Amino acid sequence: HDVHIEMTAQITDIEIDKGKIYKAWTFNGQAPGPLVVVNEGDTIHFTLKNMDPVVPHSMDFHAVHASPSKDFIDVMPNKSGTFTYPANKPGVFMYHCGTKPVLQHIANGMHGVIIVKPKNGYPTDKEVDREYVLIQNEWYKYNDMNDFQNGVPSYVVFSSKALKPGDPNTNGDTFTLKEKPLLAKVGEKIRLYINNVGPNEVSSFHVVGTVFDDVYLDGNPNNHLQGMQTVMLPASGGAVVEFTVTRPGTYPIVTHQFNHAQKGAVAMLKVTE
């Protein structure tokens, strides 16, 4: 129940659209950052190693109870910081750099998801056959604060982060989850752990060709909805969603705010017999 987690902050080139490279600010060389998974009640001992020689970075986990001005503080270039705090609430939480201006650090790529598994799981656990994590984020004009604050996103994208060995692990880009769809089998109930990290947009989350059997808002098992076509996610908003795929084919996964879908936010689930 004491968990020890280490990440680096670094600058990494990410191909966010075909032929379009963004010099992203990242945790562990991915944007969004690596998945973190803990159990409800765990105490996290988190170390951030700042490998950006130019600017400070920090870590804010939405899962934890912490003092932001003591526990989410900036770690200087080529220094490390270690912070300890509990994850007392089950669900699907955003994490991100909390260095001012926070919009600048998030928009440049410093966001991710931490999942906190509920003590007694979900009441539909037994029904689920397969699970994946999906994250939505936006990309803007490169490190352009005016665009971050006042412009529309250049791209809106999905990525998937591995829950277990063999799961895809991808970055937020307009194509990878079209070219290499997530995989499932006919008749399966799929669970997706989803978070919209923004920075700026809300998400109207919809899987084409199915209906969500069960939805747990922010992944807290108490927040139970049934039979939703589309799940409204605020910026930083999470959910656990579950649905059945009844026939073979490819099922798009979108935000239904179609300007964002048009700008990259469509992932594919390939369902085979």
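Position 1 is the first residue in the sequence shown; the rest follow in order.
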{"property": "Of 115 to 123 and 143 to 151, the stretch whose C-alpha atoms average the higher B-factor in the entry", "result": "115 to 123"}
{"property": "Between 251 to 259 and 13 to 21 (mean CA B-factor, as deposited), the higher", "result": "13 to 21"}
{"property": "Candidate residues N78, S159, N195, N108, the one whose C-alpha B factor the record puts highest", "result": "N78"}
{"property": "Candidate set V202, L163, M94, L103 [ranked by C-alpha B-factor, highest]", "result": "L163"}
{"property": "Chain thirds of CA B-factor: placement of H206", "result": "lowest"}
{"property": "Cα B factor band for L183 (lowest, middle or highest third within the chain)", "result": "highest"}
{"property": "B-factor third for the C-alpha atom of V266 within its chain", "result": "lowest"}
{"property": "Third of chain Cα B-factors occupied by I135", "result": "lowest"}
{"property": "Third of the chain, ranked by Cα B-factor, where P90 sits", "result": "middle"}
